[PDB]
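Participant: A single structure is presented below for examination.
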Amino acid sequence: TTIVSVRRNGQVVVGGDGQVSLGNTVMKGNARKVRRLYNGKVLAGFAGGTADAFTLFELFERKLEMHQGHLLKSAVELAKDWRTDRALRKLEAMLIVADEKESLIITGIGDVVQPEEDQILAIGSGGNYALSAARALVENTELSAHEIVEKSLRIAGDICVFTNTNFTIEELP
Amino acid sequence: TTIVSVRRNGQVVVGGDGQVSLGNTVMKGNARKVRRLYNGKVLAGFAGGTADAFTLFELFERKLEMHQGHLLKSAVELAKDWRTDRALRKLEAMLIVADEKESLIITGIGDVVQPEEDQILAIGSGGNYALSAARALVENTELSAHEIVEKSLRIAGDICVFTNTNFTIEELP
Amino acid sequence: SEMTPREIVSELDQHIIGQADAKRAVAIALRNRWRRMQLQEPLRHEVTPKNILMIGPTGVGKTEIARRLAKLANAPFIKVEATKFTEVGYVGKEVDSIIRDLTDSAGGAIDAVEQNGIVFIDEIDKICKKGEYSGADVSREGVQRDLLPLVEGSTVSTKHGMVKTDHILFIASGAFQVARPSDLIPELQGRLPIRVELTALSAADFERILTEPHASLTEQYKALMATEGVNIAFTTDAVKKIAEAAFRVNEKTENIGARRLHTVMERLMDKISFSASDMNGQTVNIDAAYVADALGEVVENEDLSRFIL
Amino acid sequence: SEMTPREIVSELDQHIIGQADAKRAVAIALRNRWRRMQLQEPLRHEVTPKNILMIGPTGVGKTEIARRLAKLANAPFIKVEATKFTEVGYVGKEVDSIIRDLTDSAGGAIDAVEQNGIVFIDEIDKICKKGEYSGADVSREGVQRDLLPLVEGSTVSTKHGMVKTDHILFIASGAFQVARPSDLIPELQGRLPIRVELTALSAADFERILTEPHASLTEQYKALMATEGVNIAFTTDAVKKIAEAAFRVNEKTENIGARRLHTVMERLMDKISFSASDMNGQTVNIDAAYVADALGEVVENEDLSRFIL
Amino acid sequence: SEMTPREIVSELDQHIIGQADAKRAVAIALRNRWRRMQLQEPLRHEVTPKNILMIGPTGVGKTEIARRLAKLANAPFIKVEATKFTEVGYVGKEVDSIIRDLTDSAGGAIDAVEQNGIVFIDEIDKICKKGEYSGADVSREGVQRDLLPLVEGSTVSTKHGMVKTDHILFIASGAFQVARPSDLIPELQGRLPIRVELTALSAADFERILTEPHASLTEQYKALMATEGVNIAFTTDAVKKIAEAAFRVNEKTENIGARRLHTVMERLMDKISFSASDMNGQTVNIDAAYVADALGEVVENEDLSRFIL
Ligand SMILES: Nc1ncnc2c1ncn2[C@@H]1O[C@H](COP(=O)(O)OP(=O)(O)O)[C@@H](O)[C@H]1O
Ligand SMILES: Nc1ncnc2c1ncn2[C@@H]1O[C@H](COP(=O)(O)OP(=O)(O)O)[C@@H](O)[C@H]1O
Ligand SMILES: Nc1ncnc2c1ncn2[C@@H]1O[C@H](COP(=O)(O)OP(=O)(O)O)[C@@H](O)[C@H]1O
Ligand SMILES: [Mg+2]
Ligand SMILES: [Mg+2]
Ligand SMILES: [Mg+2]
Ligand SMILES: [Mg+2]
Ligand SMILES: [Mg+2]
Ligand SMILES: [Mg+2]
Ligand SMILES: [Mg+2]
Ligand SMILES: [Mg+2]
């Protein structure tokens with residue numbers, strides 16, 4: 001799995017592959033690993049255990065709902081459930097969430113992290129492959145955030161055996 | 001164990017082998033790994049731990065009963081019991097369920113997955129062997145869904161040591 | 001002296017559609033009140049009621065039948081939810097309270113309660129051993145144990161005096177979709193001799209529930225609007241669409257039985273109910289078109305793939 | 001004999017801004033009290049209330065509407081929090097207590113309570129099955145079970161006598177941000193026929209709540225200060241800033257709806273409220289500048305990165 | 001007719017040192033009792049109290065202010081600890097009991113309680129969501145839910161009759177060292193409009209609490225010894241050392257606020273309090289030296305490295 005997000009020119013994109021693999025064999029190549037939350041105004045992409053990912057996703061959605069859908073605050077409250085005595089079971093998955101304001105990556109262990117400057121996030125086995133292609137594309141091109149995402153995902157896919165070419169790209173106008 | 005399902009021409013089939021093996025020794029070769037649920041209007045085939053499989057099966061049946069027997073909704077509610085804090089123990093088994101509308105595979109870890117296009121599912125150690133023979137048979141033949149299932153199971157059986165030739169094929173008129 | 005089983009069924013037929021078996025079974029039970037009581041001292045006390053178990057889906061009539069029957073027999077009546085006794089902590093949360101509540105609803109008439117009181121124990125299939133999520137199972141087995149005394153015959157103290165439960169008729173119910181009646185405890189199982197099945201309701205039945213029964217929904221709305229000086233009339237086609245829609249959503253979403261008719265009618269009589277005061281003297285014709293407009297189009301989505309991979 | 005649905009809405013419009021759908025729905029319900037009661041013996045008892053479910057955010061009017069309505073109909077009224085019945089241990093912690101409390105607030109007038117009592121069950125979305133942190137879920141499902149008897153029609157004993165709940169109107173509410181109404185139990189779902197949606201309040205609405213309603217906050221403070229011999233007046237611009245500030249903090253921090261107006265006014269009338277006694281004979285003009293000074297600048301931070309890596 | 005906000009503050013200044021903001025806030029609240037009540041039927045009922053939240057450390061005056069205020073207004077008063085309602089099992093352990101207790105302390109005077117009763121809910125910051133050691137959190141959220149009815153306006157039954165809580169003034173408190181007021185539930189948050197901060201007490205303040213307030217500790221001991229025929233006098237220097245010592249141990253060990261003064265005085269008046277009967281006619285001068293002797297040297301150790309590696 002590969003998920004990457006780029007934010008430039010007042011545009012936010014988050015896309016990912018579609019390959020679902022059981023061991024060293026593929027099961028499905030058309031999975032949607034990026035979806036819209038909170039009245040379709042926040043982008044979310046997940047990686048890791050198929051079940052753990054969905055539960056991390058779902059848990060986060062409940063949060064957005066208990067707040068005015070504020071990405072940051074929500075991320076922080078969800079992560080707080082891991083920073084207590086009640087050892088809330090950990091999930092072997094990761095999420096990339098974004099909207100018109102910020103972009104974050106949240107993990108099933110309980111921590112939130114923000115970009116760096118070029119507003120680029122990437123998770124999954126193929127993450128760092130799309131990450132490089134994107135950093136490169138951003139510091140040397142004028143390509144749209146939507147173009148960078150598709151181009152980097154493809155690259156990543158040609159390197160990682162668990163990342164295919166069936167993308168699902170969501171952008172927030 | 002090998003279980004495969006094909007859906008074509010308004011016909012749905014789900015069949016499987018009969019070999020039950022303890023370690024590298026066979027115990028029984030006439031097991032029925034495919035059975036009918038909800039007033040015999042939904043097909044279900046299981047693979048994995050003998051006990052875990054039956055409990056996954058049973059748990060699913062209770063679901064169909066608490067709903068109007070809707071395959072999808074049922075699958076989603078059962079899977080939801082794994083996507084919460086109460087770490088509902090995981091089962092080392094898998095189910096293939098189908099009816100006049102859809103076909104799904106459900107796992108003891110908590111996720112539901114749908115086919116791809118050719119409406120073909122397969123689980124178990126011998127799964128991918130029957131899977132190929134079936135994809136092949138479907139994209140190059142006019143054979144019935146019932147014929148494809150029997151032919152692919154046989155093939156799978158001649159390759160996997162844990163898959164025999166004592167089939168149990170159920171189809172939904 | 002009293003109605004016969006054939007007469008009682010006809011009385012019930014005026015309020016209930018279908019469910020012949022359940023109707024028949026309670027008519028026999030009510031008639032036996034009259035049969036004994038015609039007996040002499042010895043037997044009159046030895047002969048006891050043959051309690052009933054009605055198995056059947058949601059909102060298909062199980063309670064209306066029990067309720068109507070008590071009504072036509074002017075018998076002290078009471079309905080309670082099996083589960084309400086899961087756990088206890090004070091007087092009122094004990095099964096014995098069923099008898100006090102019944103005696104209180106009849107103004108203390110002890111002879112009345114003992115002779116022909118009726119107790120409807122709803123959702124008894126809930127206090128069994130279903131699913132693995134059985135946290136406090138001893139609790140459910142427990143209430144079954146608590147009912148035994150009542151159904152087997154005992155005396156409970158009420159602020160009105162002592163009351164025997166030896167001749168009170170007991171009717172229990174359930175859908176038993178996961179549990180079976182054989183799951184109840186032997187003692188209870190043997191005290192619920194008669195098991196009647198009630199079936200789901202089809203659209204054809206829906207259509208009849210809409211108009212045939214005394215004080216049907218169509219008759220109620222006709223009289224309600226007549227109050228505001230409006231004259232309404234449902235066409236055969238209109239009734240048929242209201243029933244299809246009701247049966248339709250019970251099937252695609254949550255099935256609540258004949259209650260769905262109430263939900264749909266309300267969604268249909270929405271407009272007229274508001275403007276009735278401004279339409280005096282007029283007459284409204286609710287036909288096919290009026291219904292297709294009022295009942296918009298297909299409830300609301302069918303989403304669910306949001307959780308699927 | 002009684003107001004019409006159009007009249008009732010106008011009566012509510014004097015105290016509530018927006019929420020046309022909810023207003024309309026309760027007017028229809030109140031008018032039906034009058035419609036039946038004009039009926040004859042048979043139907044008059046068979047026709048029952050069509051209870052309501054108001055879905056909507058915090059402090060946007062769901063209770064004011066219910067409360068005002070009962071007021072204009074002089075109907076025994078009562079509000080309770082669904083969750084208050086989570087767990088029980090004594091008499092007063094049982095749902096039945098809702099009816100005793102209602103009867104007690106009307107001085108025992110049994111005919112009054114039965115004929116037109118109103119019960120507002122707040123936050124019913126809380127007793128569903130939301131989130132994974134569901135410790136005692138059987139408990140929440142349980143209170144739903146406990147309400148059924150009441151909403152379906154039964155009798156409860158009060159120190160004033162027996163009271164039927166067959167015709168009491170029930171209004172439930174919720175934001176249902178995580179749960180859906182379809183999550184309630186079938187029996188309850190079918191007894192809450194009508195579902196009305198209430199929307200969030202914008203700044204434009206805030207501005208109107210400030211002055212239009214009878215006894216608005218601006219009218220209250222004018223009368224309060226007049227008591228101390230001070231004459232105050234809010235300019236259009238002033239009102240507009242008070243509403244922007246209120247809508248502003250509900251949006252950046254915790255959203256409490258129209259209650260925020262109270263918080264802001266207090267923060268604004270802080271000074272005058274203290275010095276009013278020393279300013280007799282004077283007149284104060286609360287304009288834009290006065291408001292921008294009083295309401296300082298941006299609530300307080302927005303920190304949160306303290307937990308981020 | 002009644003005191004003004006400036007007058008009330010002066011009345012409080014005779015018993016409390018510092019805490020101008022809190023004093024000011026409660027004076028405004030008490031004056032509003034008088035402001036409405038000068039209003040006419042419509043508004044007089046619509047205008048409600050603006051409840052208070054006093055945030056501040058231990059023993060710095062939060063209760064004395066509330067207590068003194070009720071005293072100067074001869075208002076039925078009551079203090080309760082938020083946590084006391086964590087879990088319930090019987091009548092008296094329910095929030096409603098706050099109103100019965102209040103009515104009982106005024107001899108049933110219902111008009112009195114409704115018009116100007118005051119309820120001080122101490123340590124409300126304890127029923128929030130603080131620390132991870134949150135075992136029964138639903139419990140704490142629960143009492144917040146239980147207070148809502150009271151603060152929002154309702155009726156509770158007492159053996160003296162029914163009593164409305166619509167106009168009772170509510171004052172809550174907390175140190176909120178870990179929790180914030182924003183942690184309370186929206187409904188409660190909006191009903192505690194006013195938030196006043198109370199500060200810690202310095203040695204300079206300690207010195208003033210010792211003598212300035214009516215019936216200060218120095219005035220009490222002077223009168224107590226005068227009873228035994230002894231005449232005592234504290235020098236300015238003596239007072240200053242007593243205050244330094246008090247502020248000193250609150251700082252190095254456990255900080256209990258102005259209560260520490262009581263602990264220190266007792267440790268100081270130890271000897272004279274015992275021999276007073278044998279010293280009649282004499283006069284004792286408590287000066288710097290007398291205090292340095294009586295108050296020995298540095299509380300007791302500071303050990304703690306016993307657990308360190
Ligand atoms: N067979 C039927 N004929 C007429 N009305 C019915 C029938 N079944 C259900 N209803 C109506 O539907 C509503 C639900 O009745 P209920 O007796 O509680 O069904 P159940 O006992 O299965 O829960 C009632 O108001 C009743 O009038
Ligand atoms: N639409 C509205 N119009 C006028 N006042 C409103 C409105 N909505 C809320 N309020 C005010 O805000 C406060 C909160 O009312 P509330 O009925 O409890 O909202 P809700 O029922 O959603 O919790 C009340 O004092 C009420 O006067
Ligand atoms: N600012 C103050 N001025 C005079 N006395 C005070 C002051 N603060 C606290 N005290 C005294 O200290 C004791 C503790 O009072 P308390 O009101 O319970 O503080 P808090 O409300 O913060 O817990 C009381 O006997 C009171 O007389
Ligand atoms: Mg690849
Ligand atoms: Mg083999
Ligand atoms: Mg039922
Ligand atoms: Mg049911
Ligand atoms: Mg509310
Ligand atoms: Mg709320
Ligand atoms: Mg204190
Ligand atoms: Mg303390």
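In the structure tokens, chains take the letters A, B, ... in the order shown, each chain's residues start at 1, and ligands count up from 1 in the order shown.
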Kindly work out which residues sit at most 9 Å from ligand 3, using only C-alpha atoms and all ligand atoms, and give the list as a VMD selection string.

Facilitator: chain E and resid 13 to 19 54 to 67 122 to 123 173 to 175 198 to 201 205 to 206 208 to 210 212 to 213 216 256 to 262

Participant: Write a file of the just-selected residues containing N, CA and C atoms, as a CSV table (one decimal), in the first residue's frame.

Facilitator:
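Below you can see result_22.csv, which holds the result:
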chain,number,residue,atom,x,y,z
E,13,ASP,N,-15.9,43.3,52.4
E,13,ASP,CA,-14.6,43.7,52.7
E,13,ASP,C,-14.3,43.7,54.2
E,14,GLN,N,-15.3,43.6,55.0
E,14,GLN,CA,-15.1,43.6,56.5
E,14,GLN,C,-14.8,42.1,56.9
E,15,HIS,N,-15.0,41.2,56.0
E,15,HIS,CA,-14.7,39.8,56.4
E,15,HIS,C,-13.7,39.1,55.5
E,16,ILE,N,-13.6,39.7,54.3
E,16,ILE,CA,-12.7,39.1,53.3
E,16,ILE,C,-11.6,40.0,52.8
E,17,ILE,N,-10.4,39.5,52.7
E,17,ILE,CA,-9.3,40.3,52.2
E,17,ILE,C,-9.0,39.9,50.8
E,18,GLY,N,-8.8,40.9,49.9
E,18,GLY,CA,-8.5,40.6,48.5
E,18,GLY,C,-9.7,40.1,47.8
E,19,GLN,N,-9.5,39.4,46.7
E,19,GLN,CA,-10.6,38.8,45.9
E,19,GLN,C,-11.6,39.8,45.4
E,54,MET,N,-16.3,30.2,40.3
E,54,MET,CA,-15.1,30.7,41.0
E,54,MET,C,-14.0,29.8,40.8
E,55,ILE,N,-13.0,30.1,40.1
E,55,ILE,CA,-11.8,29.3,39.9
E,55,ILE,C,-10.7,29.9,40.9
E,56,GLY,N,-10.1,29.0,41.7
E,56,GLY,CA,-9.1,29.5,42.6
E,56,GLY,C,-8.6,28.4,43.6
E,57,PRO,N,-7.4,28.5,44.1
E,57,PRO,CA,-6.8,27.5,45.0
E,57,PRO,C,-7.5,27.2,46.3
E,58,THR,N,-6.9,26.3,47.1
E,58,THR,CA,-7.5,26.0,48.4
E,58,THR,C,-7.5,27.1,49.4
E,59,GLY,N,-8.5,27.1,50.3
E,59,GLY,CA,-8.6,28.1,51.3
E,59,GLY,C,-8.3,29.5,51.0
E,60,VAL,N,-8.7,30.1,49.9
E,60,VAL,CA,-8.4,31.5,49.6
E,60,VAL,C,-9.6,32.3,49.6
E,61,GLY,N,-10.7,31.8,50.1
E,61,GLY,CA,-11.9,32.6,50.2
E,61,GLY,C,-13.2,32.3,49.4
E,62,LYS,N,-13.1,31.4,48.4
E,62,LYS,CA,-14.3,31.0,47.6
E,62,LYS,C,-15.6,30.7,48.4
E,63,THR,N,-15.5,30.1,49.5
E,63,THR,CA,-16.7,29.7,50.3
E,63,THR,C,-17.1,30.8,51.2
E,64,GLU,N,-16.1,31.5,51.8
E,64,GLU,CA,-16.4,32.6,52.7
E,64,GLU,C,-17.2,33.7,52.0
E,65,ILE,N,-16.8,33.9,50.8
E,65,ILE,CA,-17.5,35.0,50.0
E,65,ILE,C,-19.0,34.5,49.8
E,66,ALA,N,-19.2,33.3,49.3
E,66,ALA,CA,-20.5,32.8,49.1
E,66,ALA,C,-21.3,32.8,50.4
E,67,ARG,N,-20.7,32.4,51.5
E,67,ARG,CA,-21.3,32.3,52.8
E,67,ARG,C,-21.7,33.6,53.4
E,122,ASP,N,-19.4,23.0,45.6
E,122,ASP,CA,-17.9,23.0,45.8
E,122,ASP,C,-17.3,21.9,44.9
E,123,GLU,N,-16.0,22.1,44.6
E,123,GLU,CA,-15.2,21.1,43.8
E,123,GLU,C,-15.9,20.5,42.6
E,173,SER,N,-17.4,26.0,42.2
E,173,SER,CA,-16.0,26.3,42.4
E,173,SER,C,-15.0,25.2,42.0
E,174,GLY,N,-13.8,25.6,41.9
E,174,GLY,CA,-12.7,24.7,41.6
E,174,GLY,C,-11.4,25.3,41.5
E,175,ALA,N,-10.3,24.5,41.5
E,175,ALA,CA,-9.0,25.0,41.3
E,175,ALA,C,-8.6,24.8,39.9
E,198,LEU,N,-9.9,33.7,41.6
E,198,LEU,CA,-9.5,34.1,42.9
E,198,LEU,C,-8.1,33.7,43.1
E,199,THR,N,-7.2,34.7,43.5
E,199,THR,CA,-5.8,34.4,43.6
E,199,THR,C,-5.3,33.8,44.9
E,200,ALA,N,-4.1,33.2,44.9
E,200,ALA,CA,-3.5,32.7,46.0
E,200,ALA,C,-3.2,33.8,47.0
E,201,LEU,N,-3.0,33.5,48.3
E,201,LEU,CA,-2.7,34.5,49.3
E,201,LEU,C,-1.2,34.6,49.6
E,205,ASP,N,-0.9,39.4,52.7
E,205,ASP,CA,-2.4,39.2,52.9
E,205,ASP,C,-2.6,38.5,54.2
E,206,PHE,N,-1.8,37.5,54.5
E,206,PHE,CA,-1.9,36.7,55.7
E,206,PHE,C,-1.9,37.7,56.9
E,208,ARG,N,-2.8,40.7,57.1
E,208,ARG,CA,-4.0,41.4,57.2
E,208,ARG,C,-5.2,40.6,57.6
E,209,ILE,N,-5.2,39.3,57.2
E,209,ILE,CA,-6.3,38.4,57.6
E,209,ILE,C,-6.2,38.2,59.1
E,210,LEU,N,-5.0,38.3,59.7
E,210,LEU,CA,-4.8,38.1,61.1
E,210,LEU,C,-5.5,39.1,62.0
E,212,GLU,N,-7.3,42.6,60.5
E,212,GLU,CA,-8.3,43.5,59.9
E,212,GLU,C,-9.7,43.0,59.9
E,213,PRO,N,-10.0,41.8,59.5
E,213,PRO,CA,-11.4,41.3,59.4
E,213,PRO,C,-12.1,41.3,60.8
E,216,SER,N,-11.2,38.5,63.8
E,216,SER,CA,-10.0,37.9,63.3
E,216,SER,C,-9.5,37.0,64.3
E,256,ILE,N,-2.5,24.7,52.3
E,256,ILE,CA,-3.9,24.7,52.7
E,256,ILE,C,-4.6,26.2,52.7
E,257,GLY,N,-3.8,27.1,52.2
E,257,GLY,CA,-4.4,28.5,52.2
E,257,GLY,C,-4.4,29.1,53.6
E,258,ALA,N,-5.3,30.1,53.8
E,258,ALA,CA,-5.5,30.8,55.1
E,258,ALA,C,-5.8,29.9,56.3
E,259,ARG,N,-6.1,28.6,56.1
E,259,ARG,CA,-6.4,27.7,57.1
E,259,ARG,C,-5.1,27.5,57.9
E,260,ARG,N,-4.0,27.5,57.2
E,260,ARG,CA,-2.7,27.4,57.9
E,260,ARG,C,-2.5,28.4,59.0
E,261,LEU,N,-3.1,29.5,59.0
E,261,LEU,CA,-3.0,30.5,60.0
E,261,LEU,C,-3.6,29.9,61.3
E,262,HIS,N,-4.7,29.2,61.2
E,262,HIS,CA,-5.3,28.5,62.4
E,262,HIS,C,-4.3,27.5,63.0

Participant: Set the distance at 12 Å and use only C-alpha atoms: which residues neighbour region 109-112 of chain A once local chain neighbours fewer than 4 positions away are removed? I'd like the list as a short mmCIF file (atom, residue, chain, number, x, y, z; two decimals) with N, CA, C and O atoms, in the first residue's frame.

Facilitator:
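And here's result_4.cif as it stands now:
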data_model
loop_
_atom_site.label_atom_id
_atom_site.label_comp_id
_atom_site.auth_asym_id
_atom_site.auth_seq_id
_atom_site.Cartn_x
_atom_site.Cartn_y
_atom_site.Cartn_z
N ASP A 52 -7.50 -3.24 10.97
CA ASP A 52 -6.99 -2.19 11.84
C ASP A 52 -7.14 -0.81 11.22
O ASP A 52 -7.46 0.16 11.91
N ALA A 53 -6.91 -0.72 9.91
CA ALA A 53 -7.05 0.54 9.19
C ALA A 53 -8.48 1.08 9.30
O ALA A 53 -8.69 2.23 9.70
N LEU A 56 -9.29 2.33 12.65
CA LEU A 56 -8.59 3.59 12.97
C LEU A 56 -9.36 4.72 12.29
O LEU A 56 -9.56 5.80 12.86
N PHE A 60 -11.65 7.72 14.14
CA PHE A 60 -11.38 9.13 13.84
C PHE A 60 -12.65 9.86 13.41
O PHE A 60 -12.88 11.01 13.78
N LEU A 71 -10.03 19.16 12.24
CA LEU A 71 -8.99 18.16 12.02
C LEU A 71 -8.00 18.05 13.17
O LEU A 71 -7.85 16.99 13.77
N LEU A 72 -7.32 19.14 13.49
CA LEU A 72 -6.33 19.12 14.55
C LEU A 72 -6.90 18.63 15.87
O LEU A 72 -6.49 17.60 16.39
N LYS A 73 -7.85 19.38 16.42
CA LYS A 73 -8.44 18.99 17.69
C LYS A 73 -8.84 17.52 17.69
O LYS A 73 -8.56 16.80 18.65
N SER A 74 -9.50 17.07 16.62
CA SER A 74 -9.93 15.68 16.53
C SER A 74 -8.74 14.73 16.63
O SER A 74 -8.77 13.77 17.41
N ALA A 75 -7.71 14.99 15.84
CA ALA A 75 -6.53 14.14 15.86
C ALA A 75 -5.97 14.04 17.28
O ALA A 75 -5.65 12.95 17.76
N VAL A 76 -5.86 15.18 17.96
CA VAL A 76 -5.32 15.22 19.32
C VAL A 76 -6.15 14.46 20.34
O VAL A 76 -5.61 13.84 21.25
N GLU A 77 -7.47 14.51 20.21
CA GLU A 77 -8.34 13.80 21.15
C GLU A 77 -8.27 12.29 20.92
O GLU A 77 -8.25 11.50 21.87
N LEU A 78 -8.22 11.89 19.66
CA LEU A 78 -8.14 10.47 19.34
C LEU A 78 -6.83 9.90 19.91
O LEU A 78 -6.84 8.84 20.53
N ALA A 79 -5.73 10.63 19.71
CA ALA A 79 -4.41 10.20 20.19
C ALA A 79 -4.35 10.15 21.71
O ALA A 79 -3.59 9.38 22.28
N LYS A 80 -5.15 10.99 22.36
CA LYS A 80 -5.20 11.04 23.82
C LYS A 80 -5.70 9.73 24.41
O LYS A 80 -5.36 9.38 25.54
N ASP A 81 -6.51 9.00 23.65
CA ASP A 81 -7.06 7.72 24.12
C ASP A 81 -5.98 6.63 24.25
O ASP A 81 -6.23 5.54 24.76
N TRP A 82 -4.78 6.93 23.78
CA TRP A 82 -3.68 5.99 23.89
C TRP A 82 -2.74 6.46 24.99
O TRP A 82 -1.93 5.68 25.49
N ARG A 83 -2.85 7.73 25.37
CA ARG A 83 -1.98 8.28 26.39
C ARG A 83 -2.58 8.27 27.79
O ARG A 83 -2.54 9.28 28.49
N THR A 84 -3.13 7.13 28.19
CA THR A 84 -3.73 6.99 29.52
C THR A 84 -3.37 5.63 30.10
O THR A 84 -2.58 4.89 29.51
N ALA A 87 -4.85 0.92 28.67
CA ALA A 87 -4.09 0.61 27.47
C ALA A 87 -4.99 0.29 26.28
O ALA A 87 -5.11 -0.87 25.88
N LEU A 88 -5.61 1.32 25.72
CA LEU A 88 -6.48 1.16 24.56
C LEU A 88 -5.66 0.38 23.53
O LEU A 88 -4.64 0.86 23.05
N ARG A 89 -6.10 -0.83 23.21
CA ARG A 89 -5.39 -1.68 22.26
C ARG A 89 -4.85 -0.87 21.08
O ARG A 89 -5.51 0.03 20.59
N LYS A 90 -3.63 -1.20 20.66
CA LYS A 90 -3.03 -0.48 19.55
C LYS A 90 -3.42 -1.09 18.22
O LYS A 90 -3.62 -2.29 18.12
N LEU A 91 -3.53 -0.24 17.20
CA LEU A 91 -3.91 -0.68 15.86
C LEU A 91 -2.70 -0.59 14.95
O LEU A 91 -1.99 0.41 14.95
N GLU A 92 -2.47 -1.64 14.16
CA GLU A 92 -1.35 -1.67 13.23
C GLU A 92 -1.74 -1.03 11.92
O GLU A 92 -1.84 -1.70 10.88
N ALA A 93 -1.97 0.27 11.95
CA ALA A 93 -2.37 0.99 10.75
C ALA A 93 -2.02 2.45 10.89
O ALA A 93 -1.65 2.90 11.97
N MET A 94 -2.13 3.19 9.80
CA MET A 94 -1.85 4.62 9.80
C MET A 94 -2.83 5.38 8.91
O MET A 94 -3.33 4.84 7.92
N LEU A 95 -3.09 6.63 9.28
CA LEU A 95 -3.99 7.49 8.52
C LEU A 95 -3.35 8.82 8.13
O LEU A 95 -2.55 9.39 8.88
N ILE A 96 -3.73 9.28 6.95
CA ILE A 96 -3.32 10.58 6.44
C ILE A 96 -4.65 11.30 6.31
O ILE A 96 -5.57 10.83 5.63
N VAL A 97 -4.76 12.43 7.00
CA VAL A 97 -5.98 13.23 6.97
C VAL A 97 -5.68 14.67 6.63
O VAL A 97 -4.69 15.25 7.11
N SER A 103 -2.88 19.15 7.28
CA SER A 103 -2.63 17.79 6.84
C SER A 103 -1.87 17.10 7.97
O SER A 103 -0.87 17.62 8.48
N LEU A 104 -2.34 15.92 8.35
CA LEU A 104 -1.72 15.18 9.43
C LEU A 104 -1.69 13.69 9.12
O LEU A 104 -2.42 13.20 8.26
N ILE A 105 -0.82 12.99 9.84
CA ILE A 105 -0.75 11.55 9.74
C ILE A 105 -0.94 11.10 11.19
O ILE A 105 -0.31 11.62 12.12
N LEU D 304 -2.74 23.89 21.19
CA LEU D 304 -3.11 22.49 21.01
C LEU D 304 -1.94 21.71 20.44
O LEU D 304 -1.94 20.48 20.47
N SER D 305 -0.96 22.43 19.93
CA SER D 305 0.23 21.83 19.35
C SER D 305 1.15 21.32 20.46
O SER D 305 2.21 20.74 20.20
N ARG D 306 0.74 21.54 21.70
CA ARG D 306 1.53 21.09 22.84
C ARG D 306 1.59 19.57 22.87
O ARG D 306 2.53 18.99 23.41
N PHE D 307 0.59 18.93 22.26
CA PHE D 307 0.50 17.47 22.23
C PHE D 307 1.00 16.85 20.93
O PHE D 307 1.14 15.63 20.83
N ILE D 308 1.25 17.69 19.94
CA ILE D 308 1.70 17.24 18.63
C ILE D 308 3.21 17.11 18.53
O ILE D 308 3.96 17.85 19.16
N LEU D 309 3.64 16.17 17.71
CA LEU D 309 5.06 15.95 17.51
C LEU D 309 5.47 16.67 16.23
O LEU D 309 6.37 17.55 16.31
#

Participant: Check every residue of chain A for an atom within 10 Å of chain B, counting only C-alpha atoms, and provide those that qualify as a list in words.

Facilitator: residues 25, 26, 27, 28, 29, 30, 31, 49, 50, 51, 52, 53, 54, 55, 56, 57, 58, 59, 88, 89 and 90 of chain A

Participant: Got a sec to pull out which chain E residues are within 9 Å of chain D, counting only C-alpha atoms, and send them as an MDAnalysis selection string?

Facilitator: chainID E and resid 4:6 24:25 27:28 31:32 35:36 38:39 42:43 46:47 50 88:91 142 145:146 149 154:157 162 182 186:187 189:194

Participant: Would you work out the distance separating CA of residue 48 (chain B) from CA of residue 4 (chain B), expressed in Å to one decimal?

Facilitator: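 If I compute the distance from CA of residue 48 (chain B) to CA of residue 4 (chain B), I get 14.2 Å.
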
Participant: Within 12 Å of ligand 4, which residues show up when you count only C-alpha atoms and all ligand atoms? List them as a ChimeraX atom specification, please.

Facilitator: /A:1-2,17-21,24-26,29,125-126,129,153-167

Participant: In Å, rounded to a single decimal, give me how far CA of residue 72 (chain C) is from CA of residue 48 (chain D).

Facilitator: 20.5 Å
